[PDB]
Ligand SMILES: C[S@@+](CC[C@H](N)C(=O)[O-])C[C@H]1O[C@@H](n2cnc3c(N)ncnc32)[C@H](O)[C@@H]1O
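Here you get one chain, nothing else, as structure tokens; it is the form solved without this ligand.
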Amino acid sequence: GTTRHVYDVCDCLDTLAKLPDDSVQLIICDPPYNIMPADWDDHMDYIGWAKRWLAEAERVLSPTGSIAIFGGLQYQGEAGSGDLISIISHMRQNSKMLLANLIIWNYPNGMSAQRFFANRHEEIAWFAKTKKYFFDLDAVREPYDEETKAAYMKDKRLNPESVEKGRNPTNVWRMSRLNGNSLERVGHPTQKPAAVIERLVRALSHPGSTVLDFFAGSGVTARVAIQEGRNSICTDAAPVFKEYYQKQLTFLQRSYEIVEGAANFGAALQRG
């Protein structure tokens, strides 16, 4: 089949307001963790600002849909800022969504530290709209080296089926952060590695379904959606997004259609 991808520079709420209820299958959410100076006109803290798109994110997700929210757990208390805990706490008090998993993204390198343990992790809260959420475990199982599985097939106590399928990747993923010399680089400083996004897309969304990202940043979600046979809608408030997004396409240089303009969101919503 052929997938559709719509993109545009927009404010998250403005994007969400144009999407119908239960219209998207998966949402990739890597939000800012501090509000803007202007936001201080209508809010007194981070969650006050974030609860708006959080509620909307839930509305646009279908019954089988899910949202993956990246965030840290070491927020220090500055006004107007917060972290993944601030979001989870809020969700526990005001949302009916289920916390399916708290995934730990454990990366190999980082800065050193003398007065504490060097930070080597970031979290991913996977919230499912309902208990009927979609989940393709097989699509993300990790294979066993030709020998290790040969030994498991000898062990009659183990289920042959499970052996060939592969292992559950667990809720701790050891994946390398995107390095400065990596070809994936589009210029976005906090660009997430395609590997993490891929795993989320393959396990939490089905082929041909729609993936949404209103904090698209580098547009990695669109690149991964295209590669995995999913439709997508990516918007970012920064005008530089267009440039990144195009750069993101030059890498792709198995048929898809790219469509610019919020007025065309519908193209990526059609189930096909």
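Sequential numbering from 1, following the sequence displayed.
This next part talks about the form solved in complex with this ligand, which is not shown.
Novice: Can you tell me if residue 229 lies within 4.5 angstroms of this ligand in the entry with it bound, counting non-hydrogen atoms only?
Specialist: Although this ligand is absent here, residue 229 would stay clear of it in the entry with it bound, with no heavy atoms inside 4.5 Å.
Novice: Taking the shortest heavy atom distance, is residue 262 within 4.5 Å of this ligand in the entry with it bound?
Specialist: No - in the entry with it bound, heavy atoms of residue 262 and this ligand never come within 4.5 Å of each other.
Novice: Using a 4.5 angstroms cut-off on non-hydrogen atoms, would residue 214 count as touching this ligand in the entry with it bound?
Specialist: So residue 214 counts as contacting this ligand.
Novice: Though only this chain appears here, would residue 11 touch this ligand in the entry with it bound if you measure heavy atom gaps against 4.5 Å?
Specialist: Close contact exists here: in the entry with it bound, residue 11 approaches this ligand to within 4.5 Å, heavy atoms only.
Novice: To verify the annotation, which of these, 202, 177, 188, 90, has a non-hydrogen atom within 4.5 Å of this ligand in the entry with it bound?
Specialist: By the 4.5 Å heavy-atom cutoff, the listed residue in contact is 188.
Novice: Is this ligand in the entry with it bound near all of 49, 220 and 236, within 4.5 Å of a heavy atom of each?
Specialist: The answer is yes; 49, 220 and 236 each reach this ligand.
Novice: Given a 4.5 Å cut-off on heavy atoms, tell me which of 135-143, 188-196, 165-173, 106-114 is the interface stretch with this ligand in the entry with it bound.
Specialist: So the stretch in question is 188-196.
Novice: Along 63-83, which positions have a non-hydrogen atom within 4.5 Å of this ligand in the entry with it bound?
Specialist: Counting only heavy atoms within 4.5 Å of this ligand in the entry with it bound, no residue of 63-83 makes contact.
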